[PDB]
Amino acid sequence: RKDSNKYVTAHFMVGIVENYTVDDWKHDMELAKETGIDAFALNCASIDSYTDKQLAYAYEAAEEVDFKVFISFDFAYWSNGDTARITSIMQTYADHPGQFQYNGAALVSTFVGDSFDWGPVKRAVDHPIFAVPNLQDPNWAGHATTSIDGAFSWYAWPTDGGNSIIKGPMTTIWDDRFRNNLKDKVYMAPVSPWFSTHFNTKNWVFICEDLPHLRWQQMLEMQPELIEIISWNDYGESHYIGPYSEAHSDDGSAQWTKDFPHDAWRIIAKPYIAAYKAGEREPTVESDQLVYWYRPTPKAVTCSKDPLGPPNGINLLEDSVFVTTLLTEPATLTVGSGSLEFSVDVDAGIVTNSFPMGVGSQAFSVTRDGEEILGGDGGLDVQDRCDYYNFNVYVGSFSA
């Protein structure tokens, strides 16, 4: 294999892991390694008393299991008055053997913090630093005064700049604005599968649908310098692709996430990550597999007791069951959704098809030359009633 200079990272919420041990970190890291992810962005806050402890555990774990990590300073909490502490943290970790390196320099990033100047940090740390903050305006990325080396976009979902929820499908419009402004500097593109949040302070969806697959196809077209997956473990916004960890701290998101595994989305990601790193325009399918996802009820069901209203944007969703097939040769896909039954011929490669949702049991089957290659029952029966509004999805898979 030829050496590559493209890398995939994943956003990790340090704020929810006060009780993590080194072993807990290692478990997440092994699953990320198996997906082909190169590093976790350790998103952390100045206000958490356990930040230094958990950064130390994560860097130790990464060095022990041949993984890499870098810091995402979360400027919802860190502030422009924190140069001294940010500098001291980078002095500790920029040359750590577990620190992710890009072109010989320690990668550092942010959530927000567009106005934070990296100059004083870089000039105080002997080891080179490569600063790729999260920037909100593509125009600023092209004119920033903060000594940046690239920009990371958080525009992972369909949006038009405003505060209305817009329909999909997702496009590359924002990616292409960042790339135009960045010129020779690097772009770290966001990849997210889904979005649903349901708190007193934030209650909306974005219109994602086929996004768990479609976004990876956009990455092969676009070939950004870096990718960050949003997210490994942000349960509260439903975009996690990592496991539901036993050791994280619940914020109320257990209501819509505890029984909703998302691990099978890593089956889609794995071959696309390999193709992205190799510069290939299509993935290589190693074996026959299927990944499916769907919401728990039809979108129009009224709840019996939710103290929060329905999320903003749900009228734009479809009542669909989504199926990504990963096929070595062409085959036939059959889906039963309640009383509904559908069939479609599917090409070799990785293809997503959506099917009308019916209340009841869900069934999946792929047949080739008249014989069933893979199949089984969906792990969740769709219902026609709910106690609370849950616009997260259940995800599952079958593998030959």
# chains A, B, ... in the order shown; residues from 1 in each chain; ligands from 1
>>> residues_around(residues="residue 100 (chain A)", least_positions_apart="5", cutoff="8 Å", atoms="only C-alpha atoms", output="list in words")
residues 39, 68, 69, 70, 106 and 107 of chain A
>>> closest_atom_pairs(of="region 176-244 of chain A", to="region 40-53 of chain A", cutoff="10 Å", atoms="only C-alpha atoms", output="CSV")
residue,atom,partner,partner_atom,distance
A:228,CA,A:41,CA,8.0
A:229,CA,A:40,CA,9.2
A:230,CA,A:41,CA,9.9
A:231,CA,A:41,CA,9.6
A:232,CA,A:40,CA,8.3
>>> write_last_selection(atoms="N, CA and C atoms", output="mmCIF file, in the first residue's frame")
data_model
loop_
_atom_site.group_PDB
_atom_site.id
_atom_site.type_symbol
_atom_site.label_atom_id
_atom_site.label_comp_id
_atom_site.auth_asym_id
_atom_site.auth_seq_id
_atom_site.Cartn_x
_atom_site.Cartn_y
_atom_site.Cartn_z
ATOM 1 N N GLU A 228 -13.670 15.275 9.815
ATOM 2 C CA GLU A 228 -14.077 14.990 11.192
ATOM 3 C C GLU A 228 -15.518 14.503 11.215
ATOM 4 N N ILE A 229 -15.718 13.318 11.783
ATOM 5 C CA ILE A 229 -17.053 12.764 11.985
ATOM 6 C C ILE A 229 -17.695 13.408 13.209
ATOM 7 N N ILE A 230 -18.884 13.962 13.008
ATOM 8 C CA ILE A 230 -19.727 14.502 14.073
ATOM 9 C C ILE A 230 -20.872 13.503 14.234
ATOM 10 N N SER A 231 -20.811 12.604 15.233
ATOM 11 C CA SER A 231 -19.816 12.565 16.296
ATOM 12 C C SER A 231 -19.595 11.112 16.711
ATOM 13 N N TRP A 232 -18.622 10.895 17.596
ATOM 14 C CA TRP A 232 -18.506 9.578 18.219
ATOM 15 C C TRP A 232 -19.623 9.342 19.235
#
>>> closest_residue(among="A:239, A:270, A:281, A:183", to="residue 13 (chain A)", atoms="only C-alpha atoms")
A:239
>>> closest_residue(among="A:369, A:210, A:377, A:160", to="residue 355 (chain A)", atoms="only C-alpha atoms")
A:210
>>> residues_around(residues="residue 368 (chain A)", least_positions_apart="3", cutoff="7 Å", atoms="only C-alpha atoms", output="CSV table (one decimal) with N, CA, C and O atoms, in the first residue's frame")
chain,number,residue,atom,x,y,z
A,331,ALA,N,-28.0,-8.0,-6.8
A,331,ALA,CA,-28.9,-8.9,-6.1
A,331,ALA,C,-30.2,-8.2,-6.0
A,331,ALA,O,-30.4,-7.1,-6.6
A,332,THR,N,-31.2,-8.8,-5.3
A,332,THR,CA,-32.5,-8.3,-5.1
A,332,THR,C,-32.8,-8.1,-3.6
A,332,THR,O,-32.5,-8.9,-2.8
A,371,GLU,N,-31.4,-17.5,-4.1
A,371,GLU,CA,-31.1,-17.9,-2.7
A,371,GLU,C,-30.8,-16.7,-1.8
A,371,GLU,O,-30.2,-15.7,-2.3
A,372,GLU,N,-31.2,-16.8,-0.5
A,372,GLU,CA,-31.0,-15.7,0.4
A,372,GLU,C,-29.6,-15.6,0.8
A,372,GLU,O,-29.0,-16.6,1.4
A,373,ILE,N,-29.0,-14.4,0.6
A,373,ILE,CA,-27.6,-14.2,1.0
A,373,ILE,C,-27.6,-13.7,2.4
A,373,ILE,O,-26.7,-14.1,3.2
>>> closest_residue(among="A:248, A:213, A:266, A:167", to="residue 14 (chain A)", atoms="only C-alpha atoms")
A:248
>>> select_by_dssp(residues="region 81-144 of chain A", states="helix (DSSP H, G or I)", output="PyMOL selection string")
chain A and resi 83-93+119-124+138-141
>>> write_last_selection(atoms="N, CA and C atoms", output="PDB file, in the first residue's frame")
ATOM      1  N   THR A  83      -5.561  32.162  27.214  1.00  0.00           N
ATOM      2  CA  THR A  83      -4.331  31.863  26.469  1.00  0.00           C
ATOM      3  C   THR A  83      -3.304  31.114  27.315  1.00  0.00           C
ATOM      4  N   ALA A  84      -3.122  31.516  28.577  1.00  0.00           N
ATOM      5  CA  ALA A  84      -2.077  30.896  29.386  1.00  0.00           C
ATOM      6  C   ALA A  84      -2.353  29.413  29.611  1.00  0.00           C
ATOM      7  N   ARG A  85      -3.594  29.057  29.934  1.00  0.00           N
ATOM      8  CA  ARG A  85      -3.879  27.650  30.194  1.00  0.00           C
ATOM      9  C   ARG A  85      -3.876  26.831  28.904  1.00  0.00           C
ATOM     10  N   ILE A  86      -4.428  27.385  27.818  1.00  0.00           N
ATOM     11  CA  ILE A  86      -4.363  26.699  26.530  1.00  0.00           C
ATOM     12  C   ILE A  86      -2.914  26.451  26.140  1.00  0.00           C
ATOM     13  N   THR A  87      -2.051  27.456  26.338  1.00  0.00           N
ATOM     14  CA  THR A  87      -0.629  27.292  26.049  1.00  0.00           C
ATOM     15  C   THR A  87      -0.019  26.167  26.880  1.00  0.00           C
ATOM     16  N   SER A  88      -0.316  26.129  28.183  1.00  0.00           N
ATOM     17  CA  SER A  88       0.287  25.094  29.026  1.00  0.00           C
ATOM     18  C   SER A  88      -0.191  23.696  28.636  1.00  0.00           C
ATOM     19  N   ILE A  89      -1.455  23.564  28.219  1.00  0.00           N
ATOM     20  CA  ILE A  89      -1.943  22.259  27.773  1.00  0.00           C
ATOM     21  C   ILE A  89      -1.230  21.830  26.491  1.00  0.00           C
ATOM     22  N   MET A  90      -1.019  22.762  25.563  1.00  0.00           N
ATOM     23  CA  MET A  90      -0.307  22.437  24.337  1.00  0.00           C
ATOM     24  C   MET A  90       1.169  22.148  24.610  1.00  0.00           C
ATOM     25  N   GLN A  91       1.759  22.796  25.621  1.00  0.00           N
ATOM     26  CA  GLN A  91       3.127  22.457  26.004  1.00  0.00           C
ATOM     27  C   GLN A  91       3.206  21.009  26.467  1.00  0.00           C
ATOM     28  N   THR A  92       2.191  20.549  27.200  1.00  0.00           N
ATOM     29  CA  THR A  92       2.165  19.162  27.653  1.00  0.00           C
ATOM     30  C   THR A  92       2.044  18.193  26.479  1.00  0.00           C
ATOM     31  N   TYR A  93       1.142  18.474  25.530  1.00  0.00           N
ATOM     32  CA  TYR A  93       0.708  17.437  24.600  1.00  0.00           C
ATOM     33  C   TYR A  93       1.188  17.568  23.155  1.00  0.00           C
ATOM     34  N   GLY A 119      -1.523  32.651  17.450  1.00  0.00           N
ATOM     35  CA  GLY A 119      -0.163  33.148  17.399  1.00  0.00           C
ATOM     36  C   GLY A 119       0.598  33.031  18.709  1.00  0.00           C
ATOM     37  N   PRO A 120       0.034  33.544  19.807  1.00  0.00           N
ATOM     38  CA  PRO A 120       0.763  33.478  21.082  1.00  0.00           C
ATOM     39  C   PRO A 120       0.970  32.059  21.577  1.00  0.00           C
ATOM     40  N   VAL A 121       0.060  31.139  21.239  1.00  0.00           N
ATOM     41  CA  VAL A 121       0.237  29.737  21.608  1.00  0.00           C
ATOM     42  C   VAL A 121       1.389  29.125  20.813  1.00  0.00           C
ATOM     43  N   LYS A 122       1.347  29.266  19.485  1.00  0.00           N
ATOM     44  CA  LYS A 122       2.385  28.702  18.625  1.00  0.00           C
ATOM     45  C   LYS A 122       3.765  29.221  19.007  1.00  0.00           C
ATOM     46  N   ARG A 123       3.878  30.524  19.282  1.00  0.00           N
ATOM     47  CA  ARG A 123       5.186  31.108  19.557  1.00  0.00           C
ATOM     48  C   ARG A 123       5.730  30.749  20.933  1.00  0.00           C
ATOM     49  N   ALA A 124       4.914  30.165  21.811  1.00  0.00           N
ATOM     50  CA  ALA A 124       5.354  29.728  23.126  1.00  0.00           C
ATOM     51  C   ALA A 124       5.665  28.236  23.196  1.00  0.00           C
ATOM     52  N   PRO A 138     -17.254  31.181   5.951  1.00  0.00           N
ATOM     53  CA  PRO A 138     -16.259  30.848   4.930  1.00  0.00           C
ATOM     54  C   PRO A 138     -15.404  32.079   4.566  1.00  0.00           C
ATOM     55  N   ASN A 139     -16.019  33.253   4.488  1.00  0.00           N
ATOM     56  CA  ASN A 139     -15.262  34.504   4.231  1.00  0.00           C
ATOM     57  C   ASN A 139     -14.163  34.731   5.288  1.00  0.00           C
ATOM     58  N   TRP A 140     -14.421  34.532   6.578  1.00  0.00           N
ATOM     59  CA  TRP A 140     -13.379  34.672   7.649  1.00  0.00           C
ATOM     60  C   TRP A 140     -12.270  33.657   7.448  1.00  0.00           C
ATOM     61  N   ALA A 141     -12.617  32.441   7.107  1.00  0.00           N
ATOM     62  CA  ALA A 141     -11.578  31.452   6.856  1.00  0.00           C
ATOM     63  C   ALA A 141     -10.582  31.951   5.819  1.00  0.00           C
TER      64      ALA A 141
END
>>> closest_residue(among="A:397, A:361, A:153, A:245", to="residue 19 (chain A)", atoms="only C-alpha atoms")
A:245
